[PDB]
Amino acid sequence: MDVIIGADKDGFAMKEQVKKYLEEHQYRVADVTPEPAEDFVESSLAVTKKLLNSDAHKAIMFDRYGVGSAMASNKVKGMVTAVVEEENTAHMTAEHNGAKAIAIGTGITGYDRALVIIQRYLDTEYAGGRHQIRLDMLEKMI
């Protein structure tokens, strides 16, 4: 399973840790920000582009609050990014929203919790079915 990761200056540290974690667990990681991005807009849009052009369906964005990477990346037509700070949304957003990426706020979420969030997100598959109508609606928007 491929995973696209990216981060700005505030999220870089955790991104580096998560990268190590992912590699240790046989995940093929595509880091779009070997060096911290100028800001969360650059990092979030970079992850989005790599994701929407790759055959990967999992991505993780890192910044100080998460809010920014999602706000910016969601402006991209077809993109669906979920800010995640707890363990229920971690999997539900993948199951129902097919979230193409999740955003983690390093100033909001501690490392140990982030890992539980991340692993739950990665282990969950989009359920499709009735949920597809909402996804069709979102991908239709600007």
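One-based numbering along the sequence shown.
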(request) Averaging the C-alpha B factors as listed in the entry, name the stretch that ends up higher: 131-139 or 1-9. (result) 1-9
(message) Quick check: 21-29 versus 114-122, which has the larger average CA B-factor in the record?
(response) 21-29
(request) Report the option among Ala90, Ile108, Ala99, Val67 whose CA atom has the maximum B-factor in the deposited record. (result) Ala99
(message) Going by the CA temperature factor in the PDB record, which third of the chain does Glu86 belong to: lowest, middle or highest?
(response) lowest
(message) Ranking every modelled residue in this chain by its Cα temperature factor as given in the entry, which third contains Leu51?
(response) highest
(request) Would you please rank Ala59 by its C-alpha temperature factor against the other modelled residues of its chain and give the third it falls in: lowest, middle or highest? (result) middle
(message) Using only modelled residues of the chain, where does the Cα B factor of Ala37 rank: lowest third, middle third or highest third?
(response) highest
